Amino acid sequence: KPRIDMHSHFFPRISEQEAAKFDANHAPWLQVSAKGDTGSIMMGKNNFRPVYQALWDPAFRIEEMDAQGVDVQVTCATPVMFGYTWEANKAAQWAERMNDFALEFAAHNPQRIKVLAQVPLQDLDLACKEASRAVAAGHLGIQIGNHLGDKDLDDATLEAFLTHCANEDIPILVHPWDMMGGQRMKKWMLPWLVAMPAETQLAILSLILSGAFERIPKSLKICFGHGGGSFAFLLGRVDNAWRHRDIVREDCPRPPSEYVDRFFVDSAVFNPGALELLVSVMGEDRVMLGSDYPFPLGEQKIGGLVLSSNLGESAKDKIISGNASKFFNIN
């Protein structure tokens, strides 16, 4: 019974240039002190997010994992690195460099630090090419943002990407990014509190109600972050609309709630009643412990909510380790 944290992020140790050989204004880089504990992600010479040392330092992170009791942590790019709005070839070179950084990071201890890759998702060919390349090099899967502008997961290019990954047994973690709401949610981190769970819910519903799950091979292993946003709580309203409105059944021939056997979520819902509902909707085999480490909006005592819950011990063990080791092929 290891403990696997399958939701965490890292940021590479990349110079101001290097980073400017791709873009001054938009390719991010890492500015670090001599004090060492402190650093910032820089865009050009702007700032952006001060960052904790465990975001970039694998040795420092291993100490934190020991204190938290985490045996293995899956980690992957922070969304600022995605580069989805870039010229496709530049973005594919970026992705390759980023995925090499990730393996370098995990090389500090590959038995305990696993990595997921990013892909140049705005170009299907380059995206599939990089997915297979990165997995052949030791990534256990791919992490993508959930949409490309107005194209959600039901978009043909995105469905085709999931189908490539399914056909090569490449697991997918879907992360919300580029949040809806435009000019509205500008204070108190409302984007993270409102738009992000809606982004994830939209991604799941897009796959379900478009019939995408009818087209995508059952072999796809896909997991959505942050418990799947509000998906589980709003499922009853979805199922009701499907039963009583033929326009909700136009492309989806089964009740939406039956498609929970096609994806996974992590457990980061931050509430005991929420977790129980979530497990009740997804089943104990489809929730995996994830923490959003090392970000402040993550779970501070990793696995605290699952271990202190009232679920059976078989359930707890699946969530903290059994499911993710099967999902990602970890021993």
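The first residue of the sequence shown is number 1, and the count goes up from there.
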Is the mean CA B factor in the deposited entry higher across 82-90 or across 250-258?
82-90
Mean C-alpha B-factor higher for 203-211, or for 94-102?
94-102
Using the entry's values, work out which of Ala34, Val287, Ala268, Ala274 has the largest Cα B factor.
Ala34
By its CA B factor, does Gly303 count among the lowest, middle or highest third of the modelled residues in the chain?
lowest
Which third, lowest, middle or highest, does the CA B-factor of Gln183 fall in along this chain?
highest
Compared with the other modelled residues in the chain, in which third is the CA B-factor of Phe60?
highest
Taking the chain's C-alpha temperature factors as the reference, tell me which third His108 falls into: lowest, middle or highest.
highest
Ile4: CA B-factor among chain residues, third -> middle
